[PDB]
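# sequence unknown, structure follows:
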Ligand SMILES: Nc1ncnc2c1ncn2[C@@H]1O[C@H](CSCC[C@H](N)C(=O)O)[C@@H](O)[C@H]1O
Ligand SMILES: Cn1ncnc2c(=O)n(C)c(=O)nc1-2
């Protein structure tokens, strides 16, 4: 697992990157009220979203990550904060269902599907993890990002290259950390996302713009967010059966 070599540097990135506050705000906007819900947090990393979802009143939270090192970090945080989250090491593309939840949160899962066939398998696994009236809240790479239109290093993610891969693109990148931490991600097209969504059994879905807000603009020099708005690397997504 690539994040076995990143470990705590990812949390360092979340504390220094300008984009992270926008991601977090947008995701909690899409999630809404979590009181009493069962929640599955996929690609959970050290558990940030599932843990804050628990703190906001969720009934039960389970986290899944392909990285044994990241899950060991997640488990240690739960011990440190005395919280009841449970974690599993799995590749979400090939995992067996863990129950049916009110809410699946997948912040930075689908951009790690390394083929369009695995993108489709992931959406089917998510649908099988949902009750009929549940919902998926996802955060992923915007299909329209183009490396030539502007890099994202000033917001925290230095994208290094761009290469055709299957019907999409693959990108090497690094989180802007001390020292930088390398990873690779995949940019699948909007059509392929929407096809994977429909074929998994989600009859409703909507893309969600990142919630850049007035105070974000006020606390940087004018134009700081121009690349973020003109060549955004990220987008939200909500799906319902
Ligand atoms: N196929 C897969 N199945 C499960 N987890 C995966 C995966 N591919 C990548 N990941 C995990 O996805 C995580 C991306 S980092 C994002 C962590 C967390 N969602 C947060 O936003 O705070 C890493 O921990 C990585 O190991
Ligand atoms: C995990 N994670 N966290 C924050 N931001 C990103 C990101 O921009 N991209 C492109 C990405 O693949 N993964 C991210």
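Perfect, thanks for sending it. Numbering: from 1, shown residues only. Ligands and ions are numbered 1, 2, ... in the order given.
# going forward, measure contacts between C-alpha atoms and count neighbours the same way
Will do.
# Give me the three-state assignment for residue 227.
Using DSSP: H, G, I helix; E, B strand; the rest coil, the structure places residue 227 in helix.
# Leaving out chain neighbours, which residue sits closest to it?
residue 150 (6.1 Å; Cα to Cα, 6 or more residues apart in numbering).
# burial of that neighbour, as a residue count?
Residue 150 has 16 neighbours, counted by other Cα atoms under 10 Å.
# try residue 54
22.
# Enumerate the residues of this protein near ligand 2.
108, 111, 141, 157, 185, 233 (Cα under 6 Å from any ligand atom).
# One more pass at 8 Å, please.
10, 14, 19-20, 23, 107-109, 111-112, 140-141, 156-157, 159, 173, 175, 183-186, 233-234 (Cα under 8 Å from any ligand atom).
# Next one: the residue nearest to residue 227 from ligand 2, what distance?
13 Å (Cα to the nearest ligand atom, to the nearest Å).
# So what does that residue have for phi and psi?
phi 140, psi 130 (degrees, to the nearest 10).
# The longest strand along the chain: what's the following helix or strand?
Using DSSP state E to define each element, the chain has its longest strand at strand 130-141. The helix or strand immediately downstream of strand 130-141 is strand 157-159, counting by DSSP states H and E.
# Other residues contacting that following strand?
17, 147, 151-153, 171-176 (Cα atoms under 8 Å, 6 or more residues apart in numbering).
# and what of stretch 184-201?
Contacts of stretch 184-201 (Cα under 8 Å, 6+ apart): 111-114, 116, 119-120, 123-124, 127, 141-144, 167-173, 205, 239, 241.
# Show me which residues of the longest strand of the chain are buried.
130-131, 134-141 (16 or more other Cα atoms under 10 Å).
# Equivalent analysis for stretch 194-207, please.
So, applying 16+ other Cα under 10 Å, buried residues of stretch 194-207: 194, 196-198, 200-202, 205.
# hmm, back to that, going by distance to ligand 1, which of the buried residues of strand 130-141 wins?
Nearest to ligand 1 among the buried residues of strand 130-141: residue 139, at 8.5 Å, using Cα to the nearest ligand atom.
# Contact partners for the closest one?
By Cα under 8 Å, 6+ apart, the neighbours of residue 139 are 23, 27, 106-109, 234-237.
# Over to residue 224?
residue 217.
# which element follows the one helix or strand residue 193 maps to toward the C-terminus?
Element membership for residue 193, per DSSP H and E: helix 190-199. Using DSSP H and E, the helix or strand that directly follows helix 190-199 along the chain is strand 204-208.
# partner strands of that next one, parallel or antiparallel?
Neighbouring strands of strand 204-208 in its sheet, by DSSP bridges, are strand 234-240 (antiparallel).
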